[PDB]
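The chain below stands alone and is given as structure tokens, in the form deposited in one PDB entry.
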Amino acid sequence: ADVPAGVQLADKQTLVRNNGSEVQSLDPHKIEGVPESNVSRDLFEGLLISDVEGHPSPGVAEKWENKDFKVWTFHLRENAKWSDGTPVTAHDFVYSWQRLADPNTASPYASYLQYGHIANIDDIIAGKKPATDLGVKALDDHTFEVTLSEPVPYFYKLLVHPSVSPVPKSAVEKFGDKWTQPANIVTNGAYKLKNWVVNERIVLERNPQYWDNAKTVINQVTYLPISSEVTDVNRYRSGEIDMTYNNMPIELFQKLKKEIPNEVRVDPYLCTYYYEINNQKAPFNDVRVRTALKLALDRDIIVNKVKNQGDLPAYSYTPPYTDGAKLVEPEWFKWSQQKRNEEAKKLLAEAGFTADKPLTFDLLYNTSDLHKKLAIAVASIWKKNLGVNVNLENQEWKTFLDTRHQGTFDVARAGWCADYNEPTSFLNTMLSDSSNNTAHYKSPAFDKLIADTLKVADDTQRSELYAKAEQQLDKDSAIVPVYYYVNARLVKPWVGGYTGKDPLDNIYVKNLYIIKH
């Protein structure tokens, strides 16, 4: 942290943050969500990290170069160490990216190495070549070299993601799936794991071996797993919580803005809220049904009437303010809701649905006050505007993500947040073979447009190709875009260091500090 001259620090430097739910895991190769990444960034540090404003900056790598955007050479600082005092080396990165690639690890983020185009990844994921063929090598203990199969000018932007953080081979090999227990885990970020009580709390304590430990201020941070946004706000206002999770309750937000305006932080966020349709299951494999659902949802009611927290009605998957996004707003978005409704009804009647044999399906969402209220409103809108019946189902976070990967579902509430600020961070997840493709969407046309983006060495052509990729997605109604998020959360006046300038919201508790109060 960089504490400003003149600020008086509190004697006790502890922090309590709500983290939305129980994490899937603390293993960097078994995670895919925001709650998981919030904890991962304090524990495991990759080649680069985001600075306090979100710019990619030195992590374990103090400096790096590229050759033709294809061969990337990372010079690792000599004093990077794990929490047991052993050096962090380029061999750790070799083992770790190989483990991420290995199909036996079954990482949800296995395709992140496809997104970066590391050499031989397709064959490794397919079981054709062993993980040791991956295009990574340690030239020495402090030099990590990555070889890509094509020029990727934005490659380094990907490297702040937790899936490309190192994992300690001896602990993994010795303890298998219990390697992340507090008695066994070893970490190289600013913090170490102290306590982990499922469904109660995760407590981290400063890691004195962290190379940048002298600048760390917070000695202990607790992450809670509270999925009720109302309860989160209540325990923030009671004094227990210093920073809520960034999901705000419909019950209280308007009141909060008038009561504690200075604590209500609202900033740009590169995330999209949408209803994910299971494209491989009838009757959702019919474009008419997916289009009808997409058009009949009334975004103005949901966004400005039922939620009204600053979100913007959405007509695409990639948020339009992503760096490199130059999207074409579809004509249906400018129509009246009435005109959308008639088209939707017309399509469902064409698809064979009637008053007597209506369309009925499940709407799955992760336990939450906010998602439940939005799902109920969506259910009523769809009933009124299209005659469709939905059965709401809630599931805890970890189980919910597993259901979507399983493709045991009809429609699910969903949200994707960028891992790097570039349209492919969104678009690559809709590729036929992507490990993140929970829409189970498979379009050769869509795959071709994205493949073509690294075959040109021109930014305008790439942006035009991303615009057309969004048009293909929309044409197929792969999803139901709902709104582009704002990052809305409460932060106590004494929490210093949170700028709200990072559109990815990649916070590191090593950057925060507690002001005397």
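Whichever C-alpha set is largest while still superposing within 1.5 Å between the two forms counts as the rigid core. Don't overthink the numbering: it's just position in the shown sequence, from 1. Only residues modelled in both forms are compared.
Although it is not shown, the form deposited in another entry is what the next lines describe.
> Let me spell it out: fit the two forms on their rigid core, measure each listed C-alpha, and pick the one of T403, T231, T105, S149 that moves 2 Å or more between this form and the one not shown. Which is it?
The displaced C-alpha is that of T403.
> Answer with closer or farther for the CA-CA spacing of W397 and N511 in the other form compared to the shown form; it moves by 3 Å or more.
Note: Cα gap between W397 and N511 widens in the other form.
> Indicate closer or farther: the Cα atoms of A457 and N66, in the other form, relative to the displayed form, with a change of 3 Å or more.
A457 and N66 sit closer together in the other form.
> Are there runs of at least three residues between this form and the one not shown whose C-alphas all move 2 Å or more relative to the rigid core, and where are they?
Shifted segments: 272-308, 310-416, 426-484.
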